[PDB]
DNA sequence: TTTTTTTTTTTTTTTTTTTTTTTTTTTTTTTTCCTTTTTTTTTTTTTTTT
């Protein structure tokens with residue numbers, strides 16, 4: 001994301017940090033476990 | 001002065017509504033997270049005074 005340390009880094013800079021350049025991200029790291037948030041459907045508010 | 005005839009008062013059912021309650025295939029394999037917590041009372045400690 002914008003506020004993480006891996007923002008707009010090159011492939012060499014990501015490889016020097018032992019991170020995969022093909023890793024899409026999009027997940028949190030909570031207690032060392034990779035957690036992903038599933039989008040939830042809901043009815044559209046303020047609609048008749 | 002007694003009999004019929006109207007009124008009353010229960011009596012049992014009816015019918016519809018509401019409430020309640022109980023149920024939701026079989027087996028198997030992996031992770032993850034939690035298995036307290038702030039509040040109030042009690043006890044000890046530290047500083048101050050005569």
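Which order do peptides A:36-43, A:22-29, A:10-17 fall in by mean Cβ count within 10 Å, highest first? Please list the in-between numbers first.
Details: A:36-43: 5.5, A:22-29: 9.4, A:10-17: 11.0.
Taking the mean over residues of other Cβ atoms within 10 Å, the ranking is A:10-17, A:22-29, A:36-43.
Hey, rough spin-label estimate for residue A:40 and residue A:14, points 7 angstrom out along Cα→Cβ, what's it come to in nanometres?
3.1
Note that each Cβ is placed from the backbone with ideal geometry, even for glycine, and that neighbours are counted across all protein chains shown. Every number here is computed from the coordinates shown, using simple stated rules; none is lab data.
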